[PDB]
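Undergrad: So that you have it, the file is protein_22.cif, and it contains mmCIF, N, CA and C atoms:
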```cif
data_work
loop_
_atom_site.label_atom_id
_atom_site.label_comp_id
_atom_site.auth_asym_id
_atom_site.auth_seq_id
_atom_site.Cartn_x
_atom_site.Cartn_y
_atom_site.Cartn_z
N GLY A 1 127.81 99.07 91.38
CA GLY A 1 127.47 98.72 90.02
C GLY A 1 126.15 97.97 89.91
N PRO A 2 126.20 96.65 90.04
CA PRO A 2 124.96 95.87 90.03
C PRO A 2 124.12 96.17 91.26
N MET A 3 122.81 96.11 91.08
CA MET A 3 121.86 96.39 92.15
C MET A 3 121.28 95.11 92.71
N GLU A 4 121.14 95.06 94.03
CA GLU A 4 120.56 93.93 94.73
C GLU A 4 119.32 94.37 95.50
N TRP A 5 118.52 93.40 95.90
CA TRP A 5 117.36 93.63 96.75
C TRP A 5 117.72 93.31 98.20
N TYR A 6 117.30 94.18 99.11
CA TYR A 6 117.56 94.02 100.53
C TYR A 6 116.25 94.12 101.30
N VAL A 7 116.26 93.56 102.51
CA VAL A 7 115.12 93.62 103.41
C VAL A 7 115.37 94.74 104.41
N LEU A 8 114.47 95.71 104.46
CA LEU A 8 114.57 96.84 105.36
C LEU A 8 113.50 96.71 106.44
N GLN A 9 113.92 96.68 107.70
CA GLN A 9 112.99 96.61 108.81
C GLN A 9 112.61 98.02 109.25
N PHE A 10 111.32 98.24 109.49
CA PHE A 10 110.80 99.54 109.89
C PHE A 10 109.65 99.33 110.86
N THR A 11 109.24 100.42 111.51
CA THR A 11 108.11 100.38 112.44
C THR A 11 106.81 100.22 111.65
N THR A 12 106.11 99.11 111.91
CA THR A 12 105.02 98.66 111.04
C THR A 12 103.96 99.74 110.85
N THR A 13 103.47 100.33 111.94
CA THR A 13 102.37 101.28 111.85
C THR A 13 102.75 102.58 111.14
N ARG A 14 104.03 102.83 110.90
CA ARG A 14 104.48 104.07 110.28
C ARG A 14 104.85 103.89 108.81
N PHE A 15 104.22 102.93 108.12
CA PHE A 15 104.63 102.61 106.76
C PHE A 15 104.46 103.80 105.82
N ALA A 16 103.42 104.61 106.04
CA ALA A 16 103.14 105.70 105.11
C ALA A 16 104.25 106.75 105.12
N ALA A 17 104.72 107.12 106.31
CA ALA A 17 105.81 108.09 106.40
C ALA A 17 107.10 107.50 105.84
N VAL A 18 107.35 106.22 106.08
CA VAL A 18 108.57 105.58 105.59
C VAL A 18 108.53 105.46 104.07
N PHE A 19 107.42 104.97 103.53
CA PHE A 19 107.31 104.81 102.08
C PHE A 19 107.40 106.15 101.36
N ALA A 20 106.83 107.20 101.95
CA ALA A 20 106.90 108.52 101.34
C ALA A 20 108.34 108.99 101.22
N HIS A 21 109.14 108.79 102.27
CA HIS A 21 110.55 109.16 102.22
C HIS A 21 111.28 108.37 101.14
N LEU A 22 111.04 107.05 101.08
CA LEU A 22 111.72 106.23 100.08
C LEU A 22 111.32 106.63 98.67
N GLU A 23 110.05 106.96 98.46
CA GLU A 23 109.63 107.43 97.14
C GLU A 23 110.25 108.79 96.82
N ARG A 24 110.41 109.65 97.83
CA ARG A 24 111.07 110.93 97.61
C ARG A 24 112.50 110.74 97.13
N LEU A 25 113.21 109.78 97.73
CA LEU A 25 114.59 109.48 97.34
C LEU A 25 114.67 108.66 96.06
N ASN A 26 113.54 108.37 95.43
CA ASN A 26 113.49 107.68 94.13
C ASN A 26 114.14 106.30 94.21
N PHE A 27 113.79 105.56 95.26
CA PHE A 27 114.19 104.16 95.38
C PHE A 27 113.10 103.26 94.82
N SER A 28 113.53 102.14 94.25
CA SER A 28 112.60 101.07 93.91
C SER A 28 112.38 100.21 95.15
N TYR A 29 111.13 100.07 95.57
CA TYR A 29 110.81 99.28 96.75
C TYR A 29 109.39 98.77 96.64
N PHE A 30 109.08 97.78 97.48
CA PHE A 30 107.70 97.33 97.61
C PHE A 30 107.54 96.64 98.95
N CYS A 31 106.38 96.86 99.58
CA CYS A 31 105.97 96.09 100.74
C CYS A 31 104.91 95.10 100.27
N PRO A 32 105.25 93.82 100.10
CA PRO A 32 104.28 92.87 99.55
C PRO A 32 103.14 92.60 100.52
N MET A 33 101.97 92.31 99.95
CA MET A 33 100.81 91.95 100.75
C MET A 33 100.79 90.45 101.01
N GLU A 34 100.16 90.07 102.12
CA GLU A 34 99.94 88.66 102.41
C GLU A 34 99.22 87.99 101.25
N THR A 35 99.65 86.78 100.91
CA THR A 35 99.06 86.09 99.77
C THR A 35 97.64 85.63 100.11
N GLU A 36 96.96 85.08 99.10
CA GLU A 36 95.59 84.63 99.27
C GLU A 36 95.50 83.14 99.59
N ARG A 37 96.60 82.52 99.99
CA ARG A 37 96.61 81.12 100.40
C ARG A 37 97.31 80.99 101.74
N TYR A 38 96.84 80.05 102.55
CA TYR A 38 97.48 79.77 103.83
C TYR A 38 97.15 78.34 104.23
N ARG A 39 98.04 77.76 105.03
CA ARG A 39 97.86 76.39 105.50
C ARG A 39 97.20 76.43 106.88
N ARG A 40 96.04 75.79 106.99
CA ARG A 40 95.29 75.78 108.23
C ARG A 40 95.99 74.89 109.26
N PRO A 41 95.58 74.97 110.53
CA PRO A 41 96.12 74.02 111.52
C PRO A 41 95.89 72.57 111.15
N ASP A 42 94.83 72.25 110.42
CA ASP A 42 94.60 70.87 109.99
C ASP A 42 95.37 70.52 108.72
N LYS A 43 96.22 71.42 108.25
CA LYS A 43 97.19 71.28 107.15
C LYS A 43 96.58 71.46 105.77
N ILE A 44 95.28 71.74 105.66
CA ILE A 44 94.68 71.98 104.35
C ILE A 44 94.97 73.41 103.92
N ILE A 45 95.26 73.59 102.63
CA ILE A 45 95.54 74.91 102.07
C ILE A 45 94.22 75.58 101.72
N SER A 46 93.99 76.76 102.28
CA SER A 46 92.72 77.46 102.15
C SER A 46 92.94 78.86 101.59
N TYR A 47 91.83 79.48 101.19
CA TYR A 47 91.82 80.82 100.61
C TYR A 47 91.42 81.85 101.66
N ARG A 48 91.99 83.04 101.53
CA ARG A 48 91.58 84.21 102.31
C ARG A 48 92.13 85.45 101.62
N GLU A 49 91.71 86.61 102.12
CA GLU A 49 92.25 87.89 101.65
C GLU A 49 92.05 88.91 102.76
N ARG A 50 93.15 89.31 103.41
CA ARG A 50 93.06 90.13 104.61
C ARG A 50 93.69 91.51 104.46
N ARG A 51 94.34 91.80 103.33
CA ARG A 51 94.95 93.10 103.07
C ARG A 51 95.90 93.50 104.20
N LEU A 52 96.80 92.57 104.50
CA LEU A 52 97.84 92.68 105.52
C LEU A 52 99.20 92.61 104.85
N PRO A 53 100.24 93.11 105.51
CA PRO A 53 101.60 92.90 105.00
C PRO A 53 101.95 91.42 104.98
N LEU A 54 102.69 91.00 103.94
CA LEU A 54 103.22 89.64 103.93
C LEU A 54 104.17 89.42 105.10
N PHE A 55 105.09 90.36 105.31
CA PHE A 55 106.01 90.34 106.45
C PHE A 55 105.88 91.68 107.16
N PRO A 56 105.02 91.78 108.17
CA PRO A 56 104.78 93.08 108.82
C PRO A 56 106.06 93.67 109.39
N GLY A 57 106.32 94.93 109.04
CA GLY A 57 107.51 95.63 109.48
C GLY A 57 108.71 95.49 108.57
N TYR A 58 108.56 94.85 107.42
CA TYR A 58 109.66 94.64 106.50
C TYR A 58 109.24 95.05 105.09
N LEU A 59 110.18 95.64 104.36
CA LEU A 59 109.98 95.96 102.96
C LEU A 59 111.21 95.54 102.18
N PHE A 60 111.04 95.41 100.87
CA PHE A 60 112.12 95.04 99.96
C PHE A 60 112.53 96.27 99.17
N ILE A 61 113.82 96.56 99.15
CA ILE A 61 114.34 97.77 98.52
C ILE A 61 115.54 97.40 97.66
N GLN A 62 115.60 97.97 96.45
CA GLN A 62 116.69 97.73 95.52
C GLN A 62 117.68 98.88 95.60
N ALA A 63 118.96 98.55 95.79
CA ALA A 63 119.97 99.57 95.99
C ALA A 63 121.33 99.04 95.57
N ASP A 64 122.25 99.96 95.32
CA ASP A 64 123.63 99.62 95.02
C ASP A 64 124.44 99.55 96.31
N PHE A 65 125.75 99.31 96.18
CA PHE A 65 126.57 99.04 97.35
C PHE A 65 126.75 100.29 98.21
N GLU A 66 126.92 101.45 97.59
CA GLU A 66 127.12 102.67 98.36
C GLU A 66 125.85 103.15 99.05
N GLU A 67 124.67 102.77 98.55
CA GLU A 67 123.43 103.21 99.18
C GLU A 67 123.13 102.42 100.45
N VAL A 68 123.38 101.11 100.44
CA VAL A 68 123.07 100.30 101.61
C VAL A 68 124.13 100.47 102.70
N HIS A 69 125.37 100.79 102.32
CA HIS A 69 126.42 100.99 103.31
C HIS A 69 126.47 102.42 103.83
N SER A 70 125.83 103.36 103.15
CA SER A 70 125.67 104.70 103.70
C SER A 70 124.47 104.74 104.64
N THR A 71 124.41 105.79 105.45
CA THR A 71 123.37 105.92 106.46
C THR A 71 122.16 106.71 105.98
N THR A 72 122.03 106.94 104.67
CA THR A 72 120.92 107.74 104.17
C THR A 72 119.59 107.03 104.39
N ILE A 73 119.55 105.71 104.19
CA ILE A 73 118.30 104.97 104.33
C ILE A 73 117.97 104.74 105.80
N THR A 74 118.96 104.30 106.58
CA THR A 74 118.71 104.00 107.99
C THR A 74 118.44 105.24 108.83
N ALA A 75 118.74 106.44 108.32
CA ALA A 75 118.43 107.67 109.03
C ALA A 75 116.98 108.10 108.85
N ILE A 76 116.27 107.52 107.89
CA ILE A 76 114.84 107.82 107.72
C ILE A 76 114.12 107.52 109.03
N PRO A 77 113.27 108.42 109.52
CA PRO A 77 112.56 108.15 110.78
C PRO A 77 111.74 106.87 110.69
N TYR A 78 111.77 106.11 111.78
CA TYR A 78 111.06 104.84 111.96
C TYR A 78 111.66 103.70 111.14
N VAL A 79 112.78 103.93 110.46
CA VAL A 79 113.54 102.85 109.84
C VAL A 79 114.53 102.32 110.86
N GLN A 80 114.57 101.00 111.03
CA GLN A 80 115.38 100.39 112.08
C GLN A 80 116.72 99.89 111.56
N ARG A 81 116.71 99.00 110.57
CA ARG A 81 117.96 98.43 110.07
C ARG A 81 117.69 97.63 108.81
N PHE A 82 118.76 97.32 108.09
CA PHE A 82 118.72 96.27 107.09
C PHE A 82 118.90 94.92 107.77
N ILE A 83 118.26 93.90 107.21
CA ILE A 83 118.57 92.54 107.63
C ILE A 83 120.02 92.26 107.25
N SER A 84 120.84 91.97 108.26
CA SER A 84 122.29 91.97 108.08
C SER A 84 122.91 90.78 108.80
N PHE A 85 124.19 90.55 108.48
CA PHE A 85 125.03 89.59 109.18
C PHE A 85 126.34 90.29 109.52
N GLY A 86 126.64 90.42 110.81
CA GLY A 86 127.81 91.17 111.21
C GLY A 86 127.80 92.61 110.76
N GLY A 87 126.61 93.21 110.64
CA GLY A 87 126.47 94.57 110.18
C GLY A 87 126.37 94.73 108.67
N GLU A 88 126.60 93.66 107.91
CA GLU A 88 126.59 93.74 106.45
C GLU A 88 125.22 93.35 105.92
N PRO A 89 124.53 94.22 105.18
CA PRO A 89 123.20 93.87 104.68
C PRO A 89 123.23 92.62 103.80
N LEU A 90 122.19 91.80 103.92
CA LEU A 90 122.11 90.55 103.19
C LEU A 90 121.22 90.72 101.97
N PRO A 91 121.75 90.57 100.75
CA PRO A 91 120.88 90.59 99.57
C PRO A 91 119.94 89.40 99.56
N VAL A 92 118.71 89.63 99.11
CA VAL A 92 117.72 88.56 99.05
C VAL A 92 118.09 87.59 97.93
N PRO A 93 117.96 86.27 98.14
CA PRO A 93 118.26 85.33 97.05
C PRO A 93 117.42 85.61 95.81
N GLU A 94 118.00 85.29 94.65
CA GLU A 94 117.36 85.65 93.39
C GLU A 94 116.08 84.86 93.15
N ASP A 95 116.04 83.59 93.55
CA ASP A 95 114.83 82.81 93.35
C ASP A 95 113.71 83.28 94.27
N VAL A 96 114.05 83.83 95.44
CA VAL A 96 113.04 84.41 96.31
C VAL A 96 112.49 85.69 95.69
N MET A 97 113.37 86.58 95.22
CA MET A 97 112.91 87.80 94.57
C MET A 97 112.13 87.51 93.30
N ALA A 98 112.50 86.44 92.58
CA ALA A 98 111.77 86.09 91.37
C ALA A 98 110.31 85.80 91.68
N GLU A 99 110.05 85.01 92.72
CA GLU A 99 108.68 84.70 93.09
C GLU A 99 107.95 85.94 93.61
N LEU A 100 108.62 86.75 94.43
CA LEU A 100 107.97 87.93 94.99
C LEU A 100 107.65 88.95 93.91
N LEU A 101 108.58 89.19 92.98
CA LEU A 101 108.34 90.16 91.92
C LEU A 101 107.28 89.66 90.95
N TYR A 102 107.24 88.35 90.70
CA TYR A 102 106.17 87.79 89.88
C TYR A 102 104.80 88.08 90.49
N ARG A 103 104.67 87.89 91.81
CA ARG A 103 103.40 88.16 92.47
C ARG A 103 103.06 89.64 92.46
N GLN A 104 104.08 90.51 92.43
CA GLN A 104 103.81 91.94 92.34
C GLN A 104 103.25 92.32 90.97
N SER A 105 103.72 91.66 89.91
CA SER A 105 103.43 92.09 88.55
C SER A 105 102.32 91.29 87.86
N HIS A 106 101.79 90.26 88.51
CA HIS A 106 100.76 89.42 87.93
C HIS A 106 99.51 89.45 88.81
N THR A 107 98.44 88.85 88.27
CA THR A 107 97.14 88.88 88.92
C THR A 107 97.10 87.91 90.10
N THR A 108 96.11 88.07 90.98
CA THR A 108 96.01 87.16 92.11
C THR A 108 95.74 85.73 91.65
N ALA A 109 95.02 85.56 90.54
CA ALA A 109 94.72 84.22 90.06
C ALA A 109 95.96 83.53 89.55
N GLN A 110 96.80 84.26 88.81
CA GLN A 110 98.06 83.69 88.34
C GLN A 110 99.04 83.47 89.48
N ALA A 111 99.05 84.36 90.47
CA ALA A 111 99.92 84.17 91.63
C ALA A 111 99.52 82.95 92.45
N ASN A 112 98.24 82.56 92.39
CA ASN A 112 97.74 81.41 93.12
C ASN A 112 97.94 80.10 92.39
N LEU A 113 98.31 80.14 91.11
CA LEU A 113 98.55 78.91 90.36
C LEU A 113 99.76 78.17 90.91
N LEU A 114 99.72 76.84 90.83
CA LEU A 114 100.87 76.02 91.16
C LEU A 114 102.00 76.31 90.18
N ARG A 115 103.04 77.00 90.65
CA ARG A 115 104.15 77.41 89.80
C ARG A 115 105.37 76.56 90.11
N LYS A 116 105.95 75.97 89.06
CA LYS A 116 107.24 75.33 89.20
C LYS A 116 108.32 76.38 89.47
N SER A 117 109.43 75.92 90.04
CA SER A 117 110.66 76.67 90.35
C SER A 117 110.59 77.44 91.66
N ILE A 118 109.46 77.45 92.36
CA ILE A 118 109.43 78.09 93.68
C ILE A 118 110.16 77.20 94.68
N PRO A 119 111.16 77.71 95.40
CA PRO A 119 111.82 76.89 96.42
C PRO A 119 110.82 76.44 97.47
N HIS A 120 110.86 75.14 97.79
CA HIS A 120 109.84 74.55 98.65
C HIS A 120 109.77 75.25 100.00
N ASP A 121 110.92 75.56 100.60
CA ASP A 121 110.92 76.19 101.91
C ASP A 121 110.31 77.58 101.87
N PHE A 122 110.54 78.32 100.78
CA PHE A 122 109.95 79.65 100.66
C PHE A 122 108.46 79.57 100.37
N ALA A 123 108.04 78.57 99.58
CA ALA A 123 106.62 78.39 99.32
C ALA A 123 105.86 78.09 100.61
N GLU A 124 106.46 77.28 101.49
CA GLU A 124 105.79 76.94 102.74
C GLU A 124 105.74 78.14 103.69
N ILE A 125 106.73 79.03 103.62
CA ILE A 125 106.69 80.26 104.41
C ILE A 125 105.54 81.14 103.96
N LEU A 126 105.34 81.27 102.64
CA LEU A 126 104.24 82.08 102.13
C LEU A 126 102.88 81.56 102.58
N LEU A 127 102.79 80.26 102.89
CA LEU A 127 101.55 79.66 103.35
C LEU A 127 101.34 79.78 104.85
N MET A 128 102.28 80.35 105.59
CA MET A 128 102.16 80.40 107.04
C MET A 128 101.00 81.30 107.46
N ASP A 129 100.29 80.87 108.51
CA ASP A 129 99.07 81.54 108.93
C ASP A 129 99.37 82.87 109.62
N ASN A 130 100.11 82.83 110.72
CA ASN A 130 100.33 84.02 111.53
C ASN A 130 101.35 84.95 110.87
N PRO A 131 101.04 86.24 110.72
CA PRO A 131 101.98 87.13 110.00
C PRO A 131 103.30 87.35 110.72
N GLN A 132 103.29 87.46 112.05
CA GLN A 132 104.54 87.69 112.77
C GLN A 132 105.42 86.44 112.77
N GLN A 133 104.81 85.26 112.92
CA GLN A 133 105.59 84.03 112.78
C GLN A 133 106.10 83.87 111.36
N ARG A 134 105.33 84.33 110.38
CA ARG A 134 105.75 84.28 108.98
C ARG A 134 106.99 85.14 108.75
N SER A 135 107.03 86.33 109.36
CA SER A 135 108.20 87.19 109.24
C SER A 135 109.44 86.52 109.83
N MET A 136 109.30 85.94 111.02
CA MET A 136 110.46 85.35 111.69
C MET A 136 111.01 84.17 110.90
N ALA A 137 110.13 83.37 110.30
CA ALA A 137 110.61 82.26 109.49
C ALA A 137 111.29 82.76 108.22
N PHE A 138 110.78 83.85 107.64
CA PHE A 138 111.40 84.40 106.44
C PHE A 138 112.80 84.93 106.73
N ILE A 139 112.96 85.67 107.83
CA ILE A 139 114.28 86.20 108.18
C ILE A 139 115.26 85.06 108.41
N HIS A 140 114.83 84.03 109.13
CA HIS A 140 115.68 82.87 109.36
C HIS A 140 116.03 82.18 108.05
N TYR A 141 115.09 82.16 107.11
CA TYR A 141 115.30 81.47 105.84
C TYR A 141 116.34 82.19 104.99
N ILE A 142 116.17 83.50 104.79
CA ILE A 142 117.14 84.22 103.97
C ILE A 142 118.49 84.31 104.66
N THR A 143 118.52 84.24 105.99
CA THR A 143 119.80 84.17 106.69
C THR A 143 120.46 82.82 106.46
N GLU A 144 119.68 81.74 106.53
CA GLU A 144 120.23 80.41 106.27
C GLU A 144 120.69 80.27 104.83
N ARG A 145 119.97 80.87 103.88
CA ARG A 145 120.40 80.85 102.49
C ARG A 145 121.72 81.59 102.30
N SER A 146 121.98 82.61 103.13
CA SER A 146 123.16 83.45 102.97
C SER A 146 124.40 82.87 103.63
N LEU A 147 124.22 82.08 104.70
CA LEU A 147 125.33 81.67 105.55
C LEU A 147 125.62 80.18 105.49
N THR A 148 124.80 79.40 104.80
CA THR A 148 124.91 77.95 104.78
C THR A 148 124.70 77.44 103.37
N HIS A 149 125.09 76.18 103.15
CA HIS A 149 124.77 75.47 101.92
C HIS A 149 124.97 73.99 102.17
N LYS A 150 124.12 73.17 101.55
CA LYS A 150 124.26 71.73 101.59
C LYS A 150 124.54 71.21 100.19
N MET A 151 125.47 70.27 100.09
CA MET A 151 125.83 69.68 98.81
C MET A 151 124.65 68.95 98.18
#
```
Would you mind writing the file out in structure tokens?

TA:
Amino acid sequence: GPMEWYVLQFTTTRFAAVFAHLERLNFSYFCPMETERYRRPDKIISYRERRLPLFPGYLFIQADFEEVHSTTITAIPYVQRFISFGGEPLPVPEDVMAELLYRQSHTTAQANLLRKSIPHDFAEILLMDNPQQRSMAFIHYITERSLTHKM
């Protein structure tokens, strides 16, 4: 019934073949680009634009329950798996998707503005310098959001 967003891991260099298949199947998806802000080793927030994936090898896909539990998506060549727990795909938290979808639909200048309501831990992940370390922190973050909670 209701549709959720999931993280799909794929072979990074094969994005064109993977995205073409997903578009053929008429899925809503996006591979976000690295933002134009990052925290330097000296901790100052600086500007750049490198036209790189935000999380290399990962894309966000919207699907219902029967689509993520069927093997139609994971059978696509160079698609590896959904980000899962015990084999069960993990839907992305709504506040995370809110920030990501806002950056997809707005300008780079508006995406760079100091926006209230961004979860602090996710905002700091978006500022991470190295793309592969940024992916690993993001996976750990959405896993921690799914499996834990503090009062």

Undergrad: How close does each residue of region 49-70 of chain A get to region 26-32 of chain A, giving the shortest atom pair and distance in Å to one decimal for every residue with an atom at most 6.5 Å away, counting all atoms listed in the file, sorted by chain and residue number, as CSV?

TA:
```
residue,atom,partner,partner_atom,distance
A:52,C,A:32,C,5.9
A:53,CA,A:32,C,4.7
A:54,N,A:32,C,3.8
A:55,N,A:32,C,5.6
A:58,C,A:31,CA,5.5
A:59,CA,A:31,CA,4.6
A:60,C,A:30,N,4.1
A:61,CA,A:29,CA,4.2
A:62,N,A:28,C,4.1
```

Undergrad: What does the distance between atom C of residue 91 (chain A) and atom C of residue 5 (chain A) come to in Å, to one decimal place?

TA: 4.7 Å

Undergrad: Enumerate, as an MDAnalysis selection string, the complete set of residues in region 60-146 of chain A that a backbone-based DSSP assignment places in strand (DSSP E).

TA: chainID A and resid 60:63 79:82 84:85 88:89

Undergrad: From the options A:45, A:150, A:56, A:19, which residue's atoms come nearest to residue 131 (chain A), counting all atoms listed in the file?

TA: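 For residue 131 (chain A), the nearest of the candidates is A:56.
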
Undergrad: As a check of understanding, name the residues that the PyMOL selection byres ((chain A and resi 137-145) around 8) selects in the supplied structure, as a ChimeraX atom specification.

TA: /A:83-85,90-93,121-122,125-126,131-136,146-149

Undergrad: Quick check for you: according to DSSP on this backbone, which residues of region 17-88 of chain A are classed as alpha helix (DSSP H)? Reply as a PyMOL selection string.

TA: chain A and resi 17-24+65-69

Undergrad: What does the file look like for those residues with N, CA and C atoms, as a PDB file, keeping the file's coordinate frame?

TA:
```
ATOM      1  N   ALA A  17     104.720 107.120 106.310  1.00  0.00           N
ATOM      2  CA  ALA A  17     105.810 108.090 106.400  1.00  0.00           C
ATOM      3  C   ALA A  17     107.100 107.500 105.840  1.00  0.00           C
ATOM      4  N   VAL A  18     107.350 106.220 106.080  1.00  0.00           N
ATOM      5  CA  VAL A  18     108.570 105.580 105.590  1.00  0.00           C
ATOM      6  C   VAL A  18     108.530 105.460 104.070  1.00  0.00           C
ATOM      7  N   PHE A  19     107.420 104.970 103.530  1.00  0.00           N
ATOM      8  CA  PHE A  19     107.310 104.810 102.080  1.00  0.00           C
ATOM      9  C   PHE A  19     107.400 106.150 101.360  1.00  0.00           C
ATOM     10  N   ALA A  20     106.830 107.200 101.950  1.00  0.00           N
ATOM     11  CA  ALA A  20     106.900 108.520 101.340  1.00  0.00           C
ATOM     12  C   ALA A  20     108.340 108.990 101.220  1.00  0.00           C
ATOM     13  N   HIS A  21     109.140 108.790 102.270  1.00  0.00           N
ATOM     14  CA  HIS A  21     110.550 109.160 102.220  1.00  0.00           C
ATOM     15  C   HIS A  21     111.280 108.370 101.140  1.00  0.00           C
ATOM     16  N   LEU A  22     111.040 107.050 101.080  1.00  0.00           N
ATOM     17  CA  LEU A  22     111.720 106.230 100.080  1.00  0.00           C
ATOM     18  C   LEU A  22     111.320 106.630  98.670  1.00  0.00           C
ATOM     19  N   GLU A  23     110.050 106.960  98.460  1.00  0.00           N
ATOM     20  CA  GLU A  23     109.630 107.430  97.140  1.00  0.00           C
ATOM     21  C   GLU A  23     110.250 108.790  96.820  1.00  0.00           C
ATOM     22  N   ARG A  24     110.410 109.650  97.830  1.00  0.00           N
ATOM     23  CA  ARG A  24     111.070 110.930  97.610  1.00  0.00           C
ATOM     24  C   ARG A  24     112.500 110.740  97.130  1.00  0.00           C
ATOM     25  N   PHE A  65     125.750  99.310  96.180  1.00  0.00           N
ATOM     26  CA  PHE A  65     126.570  99.040  97.350  1.00  0.00           C
ATOM     27  C   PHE A  65     126.750 100.290  98.210  1.00  0.00           C
ATOM     28  N   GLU A  66     126.920 101.450  97.590  1.00  0.00           N
ATOM     29  CA  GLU A  66     127.120 102.670  98.360  1.00  0.00           C
ATOM     30  C   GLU A  66     125.850 103.150  99.050  1.00  0.00           C
ATOM     31  N   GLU A  67     124.670 102.770  98.550  1.00  0.00           N
ATOM     32  CA  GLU A  67     123.430 103.210  99.180  1.00  0.00           C
ATOM     33  C   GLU A  67     123.130 102.420 100.450  1.00  0.00           C
ATOM     34  N   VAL A  68     123.380 101.110 100.440  1.00  0.00           N
ATOM     35  CA  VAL A  68     123.070 100.300 101.610  1.00  0.00           C
ATOM     36  C   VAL A  68     124.130 100.470 102.700  1.00  0.00           C
ATOM     37  N   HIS A  69     125.370 100.790 102.320  1.00  0.00           N
ATOM     38  CA  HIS A  69     126.420 100.990 103.310  1.00  0.00           C
ATOM     39  C   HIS A  69     126.470 102.420 103.830  1.00  0.00           C
TER      40      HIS A  69
END
```

Undergrad: For atom C of residue 113 (chain A) and CA of residue 40 (chain A), quote the distance in Å rounded to one decimal.

TA: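 Rounded to one decimal, the two atoms are 18.0 Å apart.
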
Undergrad: I'd like to know which of A:109, A:17, A:127, A:7 is closest to residue 38 (chain A), using only C-alpha atoms.

TA: A:127

Undergrad: Selected by the PyMOL selection byres (((chain A and resi 36 and name CA) around 10) and name CA) in the shown coordinates: which residues, as a list in words?

TA: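 So the PyMOL selection byres (((chain A and resi 36 and name CA) around 10) and name CA) ends up selecting residues 33, 34, 35, 37, 38, 46, 47, 48, 49, 50, 51, 108, 109, 111, 112, 126 and 127 of chain A.
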
Undergrad: Of the residues A:76, A:1, A:151, A:119, which is the one nearest to residue 14 (chain A), using only C-alpha atoms?

TA: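 Answer, going by the shortest atom-to-atom distance: A:76.
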
Undergrad: Expressed in Å to a single decimal, how great is the separation between CA of residue 2 (chain A) and CA of residue 67 (chain A)?

TA: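 Taking CA of residue 2 (chain A) and CA of residue 67 (chain A), their separation equals 11.8 Å.
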
Undergrad: For the structure shown, which residues end up in the PyMOL selection byres ((chain A and resi 78) around 8)? Put them as a list in words, please?

TA: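 That selection, the PyMOL selection byres ((chain A and resi 78) around 8), comes back as residues 9, 10, 11, 12, 14, 17, 18, 74, 75, 76, 77, 79, 80 and 81 of chain A.
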
Undergrad: Considering only N, CA and C atoms, return as a list in words whatever protein or nucleic-acid residues lie within 8 Å of residue 69 (chain A), sequence-local ones (same chain, fewer than 4 positions apart) excluded.

TA: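 Skipping anything fewer than 4 positions along the chain leaves residues 64, 65, 73, 88 and 89 of chain A.
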